[PDB]
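Input: a single structure, listed below in structure tokens.
Neighbour counts are summed over all protein chains in view; Cβ atoms, including those assigned to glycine, are modelled from backbone coordinates with ideal geometry. Nothing in this text is a laboratory measurement; each read-out follows from the coordinates by a stated rule.
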Amino acid sequence: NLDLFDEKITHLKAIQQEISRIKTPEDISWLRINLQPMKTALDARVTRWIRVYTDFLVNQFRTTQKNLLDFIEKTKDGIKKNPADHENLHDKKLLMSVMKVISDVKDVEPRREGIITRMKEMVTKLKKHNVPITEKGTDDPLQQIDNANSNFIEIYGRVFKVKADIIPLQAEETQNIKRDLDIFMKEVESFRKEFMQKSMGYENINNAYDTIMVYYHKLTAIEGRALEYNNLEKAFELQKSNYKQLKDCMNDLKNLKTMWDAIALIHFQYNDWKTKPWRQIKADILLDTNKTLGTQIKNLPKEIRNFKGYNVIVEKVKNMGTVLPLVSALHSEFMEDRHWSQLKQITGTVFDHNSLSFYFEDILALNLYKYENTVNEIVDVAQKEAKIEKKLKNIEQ
Amino acid sequence: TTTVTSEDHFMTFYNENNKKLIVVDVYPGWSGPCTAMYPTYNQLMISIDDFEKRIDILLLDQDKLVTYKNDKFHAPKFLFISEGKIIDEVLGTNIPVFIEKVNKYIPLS
């Protein structure tokens, strides 16, 4: 802190005096030793460390005065009435003078202490007469700036009241346009979320990219509204509320983007299942079905919160899981052709138990949820029958 | 997924997949890395592009692009590119079982 800096500087001045005393005269301990050259080196290093604390605001004062001077230059422009444009540019300075005036006054007390603290532990005068002259000069312009700011503020308030009526009429029109844009953005992300790949691919991904572009356009519009509110200033609660409403729409858009990514992952799993049906293989299908069921269950648990209508898509995942389960029952090699045929008659499926490599795709049409039940009955019957058949094999042999 | 052959190739593949994420896989966990890299690349590409989509993988073969992406970031080598810019870098060598856990974590925004 500034107070901590002042204490450290006083301690440093005390340390310099102590170090100068601490070298001492040539000490004789069998062979004469001279620290004369060494003492000068210590003084050089001590001054440099002391200089950094003393010169801390030496550079900063000039920069603050350089920055502070610019604010006074804007004040020197002044001028009442005339062009409306100039008012928009000059009006921001008043909003800046208020914040700077409050924060600057708080910042002023430590700065005054810093110049005074160095004077105490620094015998030498910094910038001679100029540093004291500089403080008096800043005080005269600061007082002049305050009186100028009060006159400027009364003029600013009357013109700004006219500006304020114009700002709300324009604001109502902009707000209606913004609400329409927000509704359109909500509909665009929702349409992508509503669309389900399973099956559909590429177009859904393209829709997500289009939604992101719409969100980017909304963000640019949102940035403009915030800038207009900042230019209007006046500590308006409604302007802050409008920004919050835009943020809520952005959060909904982010949730929609997350939903689109989840749909793409589900589509990839669906594509793998379609490839598995063409590949077929009863041994391969049983291993694939168990792996697919575990992955589908994990995906459903991970999905949470987000936006409404997720359950309608979520249900699909359940259907896919059911389909995976129905397929697993077929993976049993216990069933024979006659056993399969009896099941086939009930099922109505042209494809047999082992008809083709592409048979897995054929199996998908009969719904797993709709048809695991009847598949299961058969899978069981077949497994039951072979226990006997196998018994007969013993008696037989 | 984009297969790359350079840090320059890694970065190109990331920039070319700006809407989603392009992950540059520089080298691998030894052990006959090439054929294994292509095989993992095929399963990750279906999980990356098909299943999660979210992510295309581009198996850097084999340079130091991973290190270059990490240097650019200030943030085996895995350098995630969003609109072609490194945004997430991780290093290490992992087995196929570890990759499956990573797929569940995917896809990051």
**Filtered residues of the range B:41-61 (kept if closer than 21 Å to B:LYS101 by Cβ, of a type outside the set (A, V, I, L, M, F, W, C), more than 11 Å from chain A (Cβ to nearest Cβ) and buried (at least 20 other Cβ atoms within 10 Å of the Cβ))** = B:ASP56
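Restricting attention to the range A:246-253, does a residue exist that is more than 14 Å from chain B (Cβ to nearest Cβ), within 30 Å of A:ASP91 (Cα to Cα) and out of contact with any helix residue (DSSP H, G or I) (no Cβ under 6 Å at 6 or more places or on another chain)? Before you say what the answer is, go through the steps one by one.
In the first step, residues of the range A:246-253 are kept if they are more than 14 Å from chain B (Cβ to nearest Cβ); the result is A:246-249, A:252.
If we keep only those that are within 30 Å of A:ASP91 (Cα to Cα) too, we end up with A:246-247.
Right, trim to out of contact with any helix residue (DSSP H, G or I) (no Cβ under 6 Å at 6 or more places or on another chain) and you get A:247.
Within the range A:246-253 (the criterion being more than 14 Å from chain B (Cβ to nearest Cβ), within 30 Å of A:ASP91 (Cα to Cα) and out of contact with any helix residue (DSSP H, G or I) (no Cβ under 6 Å at 6 or more places or on another chain)), the answer is yes, since at least one residue qualifies.
Only one residue in A:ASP182, A:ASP210 is within 14 Å of chain B (Cβ to nearest Cβ) and either acidic (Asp, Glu) or touching a helix residue (DSSP H, G or I) at 6+ places or on another chain (Cβ under 7 Å) (or both). Which one? Don't jump to the end; show me each part of the working.
On the way: A:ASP182 fails: within 14 Å of chain B (Cβ to nearest Cβ).
None of the other options fit; the residue is A:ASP210.
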**Asked** Say we look at the range A:372-397 and pick out the residues that are more than 15 Å from A:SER341 (Cα to Cα) and of a type in the set (A, V, I, L, M); which of these is surrounded by the fewest Cβ atoms within 10 Å (Cβ to Cβ)?
**Response** A:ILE395
**Selected residue (only one of B:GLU16, B:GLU7 is among the charged types (D, E, K, R), more than 20 Å from B:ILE95 (Cα to Cα) and surrounded by fewer than 19 Cβ atoms within 10 Å (Cβ to Cβ))** = B:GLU16
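What residue, of A:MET200, A:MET196, A:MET213, is in a loop (DSSP other than H, G, I, E, B) and exposed (fewer than 15 other Cβ atoms within 10 Å of the Cβ)? Even if it seems obvious, please write down each step before you answer.
Working: A:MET196 fails: exposed (fewer than 15 other Cβ atoms within 10 Å of the Cβ); A:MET213 fails: in a loop (DSSP other than H, G, I, E, B).
Going through A:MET200, A:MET196, A:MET213 in turn, just one is in a loop (DSSP other than H, G, I, E, B) and exposed (fewer than 15 other Cβ atoms within 10 Å of the Cβ): A:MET200.
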**Prompt:** Does the range A:301-315 contain any residue that is under 30 Å from A:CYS249 (Cα atoms), surrounded by fewer than 21 Cβ atoms within 10 Å (Cβ to Cβ) and within 11 Å of another protein chain (Cβ to nearest Cβ)?
**Reply:** yes
**Complete:** Over the range A:1-34, the set of residues of a type in the set (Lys, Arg) and surrounded by fewer than 10 Cβ atoms within 10 Å (Cβ to Cβ) is A:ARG21, A:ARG32
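Can you go through B:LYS64, B:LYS69 and tell me which one is away from chain A (no Cβ under 14 Å), farther than 21 Å from A:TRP260 by Cα and surrounded by fewer than 17 Cβ atoms within 10 Å (Cβ to Cβ)?
Working: B:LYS69 fails: surrounded by fewer than 17 Cβ atoms within 10 Å (Cβ to Cβ).
Selected residue: B:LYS64, the only one of B:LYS64, B:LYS69 that is away from chain A (no Cβ under 14 Å), farther than 21 Å from A:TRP260 by Cα and surrounded by fewer than 17 Cβ atoms within 10 Å (Cβ to Cβ).
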